[PDB]
Each structure stands twice: as structure tokens, then as C-alpha cells.
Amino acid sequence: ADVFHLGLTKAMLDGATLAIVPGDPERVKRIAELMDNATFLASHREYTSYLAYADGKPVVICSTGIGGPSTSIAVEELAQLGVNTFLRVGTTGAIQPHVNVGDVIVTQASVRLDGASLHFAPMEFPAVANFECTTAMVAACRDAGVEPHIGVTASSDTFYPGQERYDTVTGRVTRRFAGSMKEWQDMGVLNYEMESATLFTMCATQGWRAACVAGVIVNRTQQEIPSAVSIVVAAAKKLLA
């Protein structure tokens, strides 16, 4: 391979410059098969990668794993092989009561509750998505009869205390995060997930385009524990046309 973790070479990508980057390795083949000629590339650690064709254009589909650290490896190594655009498709918990399970959120920018973003820029830098890519995501939603929620997401390095979940072994949340969900609710933040702050900060600072769409699987105003994929594919087609 020509990269350290992913097991890929540039030739395997057939000129792809755009990647769809789900968190879950098990979702990669499913996404690839929404496109044409889905082709296995590699699987190592949490990084499963496929190639497929979106209206004739090559697209890499590669899992990131959960969290900014594993995401940062995948993004860098794909960029080493010529990828310059990264479309995340994920799952998310809504924190606003008006967002329903099954809805779609397009993240414009993220609250940086991660560590890896700080390995690309100091905190003052905004974890903002690429405008053109966000625009394509919104258009793809509307083409499908979905009005997405568009706004700010809290992007956390933990699933449990950093999303102010209390149904845990200790039931404690450290002072920094105690009360934090209500703070983000009051600031209009839509939802929590675990990769977008890293993704957006690393891509914005390194000259790559990023965007994120996620399906809502729980509403945190109700409970702690309970398609986006069709939209991300449609957005990829818009961007590669």
C-alpha cells in the first residue's frame, strides 16, 4: 500500500477525488451499492473502503470509525491518494424538541468538543463546512422532498459524558459538561455527533472540501438511548457533474 493504515494505492481509486465517509465500516458496502459497479478496495482496522461510480464518476466510500482521531487518519491518507472532497454521512441525536427521529440534519458548522481539531488549528478557528458542499447537500434533500434542519452541531469526543448522558456506570458528568446540553439547546444547537468538528477543521485548514449530513436516531429531550445515505449520494452526483 502507499499509505500507512488504509491499505490503498492511488491507482485503486481510478482517479476519484471525492469520498463519502460514514463512521461505520459495515455501512460502506451499503452506500457503495447505491452507486454503480461497487468494488471492494481494502479493509484494515476500522477502515473499510470501496470504489463505486456516481453518474459515471469514481467515488471512494471509506469508513472513519467513531471519533476525530480515527477520522483524521482516514482523511489524511485519502488526501494523499488525491481525494479533495469529503462528504460525511452519519447518525445523530437531536437536542431540539422540534427535530424528529428520522429527520435529516445538514451541519453547517460544529461546536468543537473534540481534541483532534486542535491538532489542525487553535480553538478560535471555526469548524465550518464547505459552502458549495453544504449547498449540494441541501439541494439533494429538497430534490427528495426533505427539508433538512441546517445549523450548528455539537461534535463530541465522547458518547457519554460529553453529550451529558447520565445513564452510565457512575452517573456522573465532570464539571465542564454538567449543564452543557441545556447551554447548547439555548444556543440553537441541533444535535450531537462525534466526527464533524475534526473533519471540518482539518479539511478547512488543509484546503479540502467537507460537508456532513446525518440521520436522527434519538431525541435527547425524550431519552438517552433509542435516508441520509440516499441524500449523500445525490449530493456527490451534484458535486461531480
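Numbering starts at 1 and runs along the sequence shown.
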Practice task
Please count the deposited residues lying between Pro226 and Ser227 that the model leaves without coordinates, and give the class: none, 1 to 3, 4 to 9, or 10 or more.
Solution key: 10 or more
Fill in the blank from the handout: For 183-191 versus 26-34, entry-based mean Cα B-factors point to 26-34
Practice task
Going by the average Cα B-factor in the PDB entry, point out whether 206-214 or 50-58 comes out higher.
Solution key: 50-58
Completion exercise
From the entry's CA B-factor values, the highest among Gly151, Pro161, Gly82, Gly145 is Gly145
Problem - Residue, from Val75, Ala109, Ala116, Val104, that the PDB entry assigns the highest Cα B-factor - result: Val104
Practice task
Please rank the C-alpha B-factors of the chain's modelled residues and tell me whether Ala136 sits in the lowest, middle or highest third.
Solution key: middle
Fill in the blank from the handout: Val169: CA B-factor among chain residues, third -> middle
Exercise for the section: Pull the Cα B-factor of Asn100 out of the PDB entry and bin it into the chain's lowest, middle or highest third. Expected result: highest
Handout entry: Ranked C-alpha temperature factor of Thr39 among modelled chain residues, by third
Key = highest
